[PDB]
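Only one chain comes next, encoded as C-alpha cells, the form deposited without its partner chain.
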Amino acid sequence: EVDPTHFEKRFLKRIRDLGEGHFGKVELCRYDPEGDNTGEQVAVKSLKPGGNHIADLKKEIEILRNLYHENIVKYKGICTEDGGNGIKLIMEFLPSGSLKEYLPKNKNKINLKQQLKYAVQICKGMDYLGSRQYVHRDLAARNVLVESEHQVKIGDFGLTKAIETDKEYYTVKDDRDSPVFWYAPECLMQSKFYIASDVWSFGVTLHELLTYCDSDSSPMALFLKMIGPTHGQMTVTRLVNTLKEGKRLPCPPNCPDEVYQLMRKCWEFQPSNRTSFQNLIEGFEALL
C-alpha cells in the first residue's frame, strides 16, 4: 500500500512561481497522477542549482513535518530525487497568498478589528513554535499566508532553527542575505537569535499589517528614509546606531495609540526586557 506523503516527480507539474530567494524557490504545482488536470494544487519548495543548502532543506522539512497548528501551514509531503540526494518540500496551496499580496487588494474587506485578529493568530503560531524550542528568524508579512479572510498562517520555515536546552539563543554563521530591517539589535550585532528576537520581528510584521503592506511605507523604505537611502555596505551599521539612539518606526496612520504601545514593547533594545507572545495575545484580546 502507498504512502500519501510521497509525491512522484513525474506527476508534479509546474503552473507558476509563488516566491524565491538567494538559494531556493517555491512554485505552484498540480500533483496530477491521473493526467487530466483534475489533481490537487500544492506549494512545492525546492533548491536552485549547493551541498550546504540540501542540509538546510532537509532540516526545514523535518521541522515543518512535526508542527501541527491552525496558524501554521500544513506539511503535505516530500518528493525525493531518483538517485537519492536531491529533494522537494510539498505544502498546502493557499490561493489568497501572502499578506504582502493580499492586503493591497482587500483593504475594503479588512479593518482594524480583523488586523488585530490576524495579529493574535500570528502570535499563537509563533508561541507554539517557541514552546517547541524553535527560533524562526524570518517573520515578515511576506511569510504570513491567508487561508481565508478570518484565518492567517505562518507559511515559511526557511531560516527556522532549534535553540538548545542549555543555551538561550542560536548563533548564525551564514547571515549573508538576512532581512535586516526586520531584525532585533542582537541579531544585527552579535548574530544571536533569541525567542525575544522573533517578538522584535513580529512588531515590524504588525507594522506592515497595519499599513496594508504598502511598499511606500514598508520597513525598508521608512528605515531608508530615516538613516539614508544610499550608504551601501554601511546601511546595517547605520541601522544599528539609530536603534541605539531610540529611533523606531512611526505609528501607522489610523493605528490607535494603544495598539502602537504593544508594537513599541516589541522593540525594546535588550531581549530580556521585551514583551512575550502570550502577553501580546492578552493585550490584543482586551482591545477586541
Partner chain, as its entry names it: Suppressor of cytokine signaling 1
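Residue numbers count along the first chain shown, from 1. We call the rigid core the largest set of C-alpha positions that still match within 1.5 Å between the two forms.
The discussion below concerns the form solved in complex with its partner chain, not included here.
Participant: Please determine, with the chain shown alone, which of 106-114, 144-152, 170-178, 204-212 has non-hydrogen atoms within 4.5 Å of its partner chain in the entry with it bound.
Facilitator: Single hit among the candidates: 170-178.
Participant: Taking its partner chain as it sits in the entry with it bound, is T237 near enough to touch it, meaning that at least one heavy atom pair lies within 4.5 angstroms?
Facilitator: Yes, contact at 4.5 Å.
Participant: Under a 4.5 Å heavy atom criterion, is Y134 part of the interface with its partner chain in the entry with it bound?
Facilitator: No - in the entry with it bound, heavy atoms of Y134 and its partner chain never come within 4.5 Å of each other.
Participant: Although the partner isn't part of this model, could you tell me whether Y102 comes within 4.5 Å of its partner chain in the entry with it bound, counting any heavy atom of the residue?
Facilitator: Contact check for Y102: no, nothing within 4.5 Å of its partner chain in the entry with it bound.
Participant: When the contact criterion is heavy atoms within 4.5 Å, does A162 count as touching its partner chain in the entry with it bound?
Facilitator: Residue-level check for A162: no, no contact with its partner chain.
Participant: Among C251, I54, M226, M220, which has at least one heavy atom within 4.5 Å of its partner chain in the entry with it bound?
Facilitator: Result of the distance check: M220.
Participant: Since exactly one of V120, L94, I90, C187 fits, which has a heavy atom within 4.5 Å of its partner chain in the entry with it bound?
Facilitator: Among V120, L94, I90, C187, a heavy atom within 4.5 Å of its partner chain in the entry with it bound occurs only for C187.
Participant: After superposing on the rigid core, which residue among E149, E101, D175, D214 shows a C-alpha displacement of 2 Å or more between the shown form and the other one?
Facilitator: Comparing the C-alpha positions, the one residue that moves 2 Å or more is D175.
Participant: On a rigid core superposition, would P256 pass a 2 Å threshold for CA movement between the shown form and the other one?
Facilitator: No, the C-alpha moves less than 2 Å.
Participant: Note yes or no: does the Cα of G19 move by 2 Å or more between the shown form and the other one after the core is superposed?
Facilitator: True for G19: a C-alpha shift of 2 Å or more.
Participant: Using a rigid core superposition, assess whether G246 undergoes a CA shift of 2 Å or more between the shown form and the other one.
Facilitator: Not so; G246 is displaced by less than 2 Å.
Participant: Relative to what is shown, are the Cα atoms of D175 and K247 closer or farther apart in the entry with it bound, where the gap shifts by 3 Å or more?
Facilitator: Compared with the form shown here, the C-alpha atoms of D175 and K247 sit farther apart in the entry with it bound, by 3 Å or more.
Participant: Knowing the shift is 3 Å or more, I'd like to know if the C-alpha atoms of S98 and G21 are closer or farther apart in the entry with it bound than in the shown chain.
Facilitator: Distance between the C-alphas of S98 and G21: shorter in the entry with it bound, by 3 Å or more.
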